[PDB]
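The figures here come from the full heavy-atom set of this structure, side chains too, leaving out hydrogens, waters and symmetry mates. Within every chain, numbering begins at 1; the chains are lettered A, B, ... in the order of the sequence lines, protein sequences first and strands thereafter. Start at 1 and go down the list; that is how both ligands and their atoms are numbered.
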Amino acid sequence: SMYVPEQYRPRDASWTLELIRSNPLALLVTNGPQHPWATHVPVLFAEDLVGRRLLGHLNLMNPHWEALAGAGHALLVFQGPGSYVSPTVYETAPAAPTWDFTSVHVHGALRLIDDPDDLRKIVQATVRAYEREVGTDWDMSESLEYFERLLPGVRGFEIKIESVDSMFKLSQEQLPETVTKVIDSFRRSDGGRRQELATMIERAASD
Amino acid sequence: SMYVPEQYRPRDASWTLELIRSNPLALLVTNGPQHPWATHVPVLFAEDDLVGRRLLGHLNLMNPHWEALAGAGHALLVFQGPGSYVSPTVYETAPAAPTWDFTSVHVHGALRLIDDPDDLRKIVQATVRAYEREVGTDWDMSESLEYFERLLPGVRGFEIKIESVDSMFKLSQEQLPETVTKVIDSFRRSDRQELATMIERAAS
Amino acid sequence: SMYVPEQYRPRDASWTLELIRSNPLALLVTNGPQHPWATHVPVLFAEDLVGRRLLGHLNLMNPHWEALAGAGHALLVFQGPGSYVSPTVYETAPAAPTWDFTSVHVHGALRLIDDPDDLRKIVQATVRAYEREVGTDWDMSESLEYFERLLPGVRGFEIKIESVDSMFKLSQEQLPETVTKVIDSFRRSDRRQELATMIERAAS
Amino acid sequence: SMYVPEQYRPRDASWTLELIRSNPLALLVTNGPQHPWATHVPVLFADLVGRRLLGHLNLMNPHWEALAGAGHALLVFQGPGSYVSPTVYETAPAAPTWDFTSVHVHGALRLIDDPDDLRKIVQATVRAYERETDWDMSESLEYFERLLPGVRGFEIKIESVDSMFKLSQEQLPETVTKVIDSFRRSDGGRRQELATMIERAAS
Ligand code: HEM
Ligand code: HEM
Ligand code: HEM
Ligand code: HEM
Ligand SMILES: [Cu+2]
Ligand SMILES: [Cu+2]
Ligand SMILES: [Cu+2]
Ligand SMILES: [Cu+2]
Ligand SMILES: [Cu+2]
Ligand SMILES: [Cu+2]
Ligand SMILES: [Cu+2]
Ligand SMILES: [Cu+2]
Ligand SMILES: [Cu+2]
Ligand SMILES: [Cu+2]
Ligand SMILES: [Cu+2]
Ligand SMILES: [Cu+2]
Ligand SMILES: [Cu+2]
Ligand SMILES: [Cu+2]
Ligand SMILES: [Cu+2]
């Protein structure tokens, strides 16, 4: 499981849920010969997280799909904004650099889905979910026929969540004044995803 | 290994090396009971055509993953760069399906463990220098070396001798060039600039 | 190992060596998760079979290559001529149909080759050997440059033969007269020619 | 899985089914200590996913006992193949290659020892192969019974199929025409059947 120093644990579960929804392209990781299998996959909630279900899909021709048959359990890694923290920002000495970042590791029991009806439901639900969340409210109606043409090439999976580790490493180990410097320094830069990161740092520091 | 459709393969090896250096906080992944171990770790080259090179890293001694690493002969390091959801609205085309444009590198290698304090000192100092030049502000650690020493007993390290590298540069290459131009433009007009640039680079 | 009834065993080891050389595109088979790995590969002897070495190559991008790391031992299956044998040919009753076929399973210790010089030697030797045996004596000099361009895409293996099972199921369970009927019937049809000759050799 | 470059994938599923029926003596391959088990077995059908392949083998074959510990197995079918010498290409530079046809079926393994089921399997194998000199087994049924206690069987429920139709598609159309004709001009089995398959792929 992911080791999270106590100071980097989320103050609210909403941080975890949001991070997952905001960054639904997870890394699906299962044991393999000599090292694990790892695939970037689009997941979404089925409808505190324990017992809920994450649905996902991937390429039928991806060898990971074949490997999934021998695995009872899996890990899904979600990552949000993150960035290097240069001590120059602290304006203090001595110091050490660090990396501020956000990530959620979901542990769960794995289930395989190959029924075309279930897969249609999944891919359509993914479009709706992403379009609302990360998207532009695109209408998929005129494309449903097209989806059918694609459907035999897709396979899916379900993960019933058994444990969740949440890492919100947002400079909380720093004094409030210094954290203020880190936030401002990230806000003064245009490079993504430091704007969003700065906002998360501020959120962790507020009341 | 990571399955990469031929069209999402890097046109140049420079893309891969660059992605690694720009996003050096990698995910270290090893086999574990029932499912894998995964830890976010700061990595750097020890200084593909990367096969045979060595990636060095460190982590918390008190992290259980460190205890798990003993007995792990091989490991995976996952690097991720810019990425974003791609809505069909941007395509201005029909019919369509949405997708995700993203950049990632999975390095496979043999794992070696480092617990000698001198080797750890070199690793952490080297990490500071490399990041300060690459992602940093050219910060000077001279006044903090003493502090590093107090931290040093709490850190452990690893080396991965690279045996294979998979590079995924999913940058809308499956679209028509006019459509790709629209995706680039949508990203440049949106609050995804580095990604738009990577897409344009694949498209040139 | 392959179970060979005593009557289907080769009368001379030359049958086995012959079969290997005549049909060098073998099936390389190693253990894998849930079921084995199997890839068709071009092999050749390195310059009774126990202790000798078989050399081969395959696609670097073939996932099987990744699996070969971590496999101490392997099986290579060579297949020569074979055919269904319908009881009509026997002109006897009662009977059961059968299949006459020729096969050699080589068991051996596996070693991986990724050195470019060694791979160059293997592929060139493969060309020489096949052109001499199964080819038209094509001259590769003008293509050596081209080979170099291909060379980064190829990986290789060596198997040190530890055991060999030889199946020459050629109707030896039949009366000599019946065997002649099978031979002649196979000779009248156009791999039944080569097969009829092997049956005859077993009967002679 | 069998790694199949896109250019060597079948244009029609009928190629895969045809190859299976024309070459029903498959290689049954399962995991074993240090390396796999491999046995040549006569199989027949009971796109391919969800279908069932039936087979039999010798009770005294140790592979049979090994089968009880295997959840899954691989069956390998091979059709015609031949070495391809660059001389036929009339091009330079070139590299030789091997043109071949193979189908690897992955599936869940089930064991059969019921005598009635074995009778059904062996008889069906006879009918199927005879049709695919149409020999009549009527007078030999009693004989089959004498043989029956010595045979054991298996079923594979197909979960995946890899199809390799390496038929010179990587060469130019003009070149493919040359390898086709060159293979047609030779009597060596099975270059005629192969030439026809290459032609079918070029169509
Ligand atoms: C709604 C209809 C959808 C259908 C019918 C569909 C179908 C497919 C198919 C056939 C593949 C196989 C390879 C390919 O064609 O790319 C695939 C893979 C993939 N799809 Fe979807 N998809 C849909 C929606 C989405 C959405 C909204 C996303 C959001 C990002 C997405 C992300 C992906 C990714 C990342 C892969 C690669 C999986 C792998 O690496 O194995 N898809 N999908
Ligand atoms: C660019 C510079 C650096 C970055 C980005 C960085 C990042 C990190 C990260 C992400 C971890 C957590 C690993 C885990 O989960 O187990 C960590 C742990 C640790 N590192 Fe570094 N680090 C840097 C420099 C240094 C230096 C110079 C030292 C000097 C000794 C050091 C000592 C430690 C120690 C003692 C721990 C474990 C205790 C703790 O987390 O505070 N690090 N580092
Ligand atoms: C008698 C001559 C040859 C035969 C019959 C032959 C056969 C084969 C076969 C069956 C494969 C597929 C292996 C797999 O599935 O992984 C392959 C792959 C490969 N071979 Fe050869 N080979 C020959 C000569 C050469 C030579 C001279 C080279 C020079 C470098 C070469 C380089 C390669 C490469 C780069 C691949 C990767 C995939 C491809 O391009 O086919 N081969 N060969
Ligand atoms: C007609 C009813 C059949 C019966 C009762 C029968 C029975 C048997 C028996 C008793 C064996 C044990 C070893 C032996 O005696 O050879 C065996 C194995 C075998 N049979 Fe059949 N058989 C029948 C049909 C066929 C057909 C049509 C074929 C087509 C080629 C065939 C091919 C084989 C092969 C290749 C083996 C060896 C399998 C191994 O290595 O374990 N049999 N069968
Ligand atoms: Cu754990
Ligand atoms: Cu793997
Ligand atoms: Cu490996
Ligand atoms: Cu867990
Ligand atoms: Cu792999
Ligand atoms: Cu674990
Ligand atoms: Cu668990
Ligand atoms: Cu690997
Ligand atoms: Cu399987
Ligand atoms: Cu496998
Ligand atoms: Cu052996
Ligand atoms: Cu496989
Ligand atoms: Cu064995
Ligand atoms: Cu052995
Ligand atoms: Cu399989």
*Would you please classify the geometry between the B:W37 ring and the B:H65 ring as parallel, tilted or perpendicular, with 30° and 60° separating the classes?*
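Geometry flag for B:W37 against B:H65: parallel rings.
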*atom 37 (C) of ligand 4 protein-contacted, heavy-atom criterion under 4.0 angstrom*: no
*asked:* Could you check whether atom 16 (O) of ligand 4 has a protein contact, counting only heavy atoms that fall below 4.0 angstrom?
replied: no
*asked:* Counting neighbours of CD on D:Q123 that are heavy atoms of other residues, nucleotides or ligands and sit closer than 6.0 Å, is the number greater than 12?
replied: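 Enclosed: over 12 neighbouring heavy atoms sit under 6.0 Å from CD of D:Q123.
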_So for atom CD, which belongs to C:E173, do other residues, nucleotides or ligands contribute more than 12 heavy atoms lying within a distance under 6.0 Å?_
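Yes.
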Closest approach of any protein heavy atom to [atom], naming residue and atom:
atom                    : result
atom 11 (C) of ligand 4 : D:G150 O, 4.4 Å
atom 26 (C) of ligand 4 : C:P97 O, 3.9 Å
atom 40 (O) of ligand 4 : D:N61 ND2, 3.5 Å

Is [Y] paired with [X] through a side-chain N to carboxylate O contact shorter than 4.0 Å?
X      : Y      : value
A:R53  : A:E158 : yes
D:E130 : D:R127 : no
D:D116 : D:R119 : yes
A:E6   : A:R9   : yes

*Hey, is D:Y129 touching ligand 4 through its side chain, its backbone, both or neither, going by heavy atoms under 4.0 Å?*
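Side chain only.
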*With atoms numbered from 1 as shown, which atoms in ligand 4 lie under 4.0 angstrom from a non-hydrogen atom of C:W99?*
30 (C)
*Please identify which atoms of ligand 4 are closer than 4.0 Å to at least one heavy atom of D:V126.*
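Here the atoms of ligand 4 in question are 1 (C).
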*Atoms of protein origin (N, O or S) under 2.8 Å from the Cu ion (ligand 8)*: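 Sorted hits: A:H107 ND1, B:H35 NE2.
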Residue pair [X] / [Y], side-chain donor-acceptor N/O under 3.5 Å:
X      : Y      : result
A:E66  : C:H35  : yes
C:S171 : C:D100 : yes
A:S1   : A:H105 : no
D:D162 : D:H106 : yes

_Let me confirm one number: the OG-CZ distance from A:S166 to A:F78, rounded to the nearest 0.5 Å._
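The OG atom of A:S166 sits 10.5 Å away from the CZ atom of A:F78.
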*asked:* Could you measure the distance from the OH atom of D:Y129 to the OG1 atom of C:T98? Nearest 0.5 Å is fine.
replied: 10.5 Å
*Going by heavy atoms, is D:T39 under 4.0 Å from ligand 4?*
yes
*Check whether any heavy atom of D:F144 sits under 4.0 Å from an atom of ligand 4.*
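Judged by the 4.0 Å heavy-atom criterion, D:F144 does count as contacting ligand 4.
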*Give the name of the N/O/S atom in A:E66 that lies closest to the Cu ion (ligand 19).*
OE2
*Heavy-atom distance to atom 12 (C) of ligand 4: which of C:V85, D:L25, D:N58 wins?*
D:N58
*asked:* Could you enumerate the protein N, O or S atoms under 2.8 Å from atom 21 (Fe) of ligand 4, written like residue then atom name?
replied: D:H56 NE2
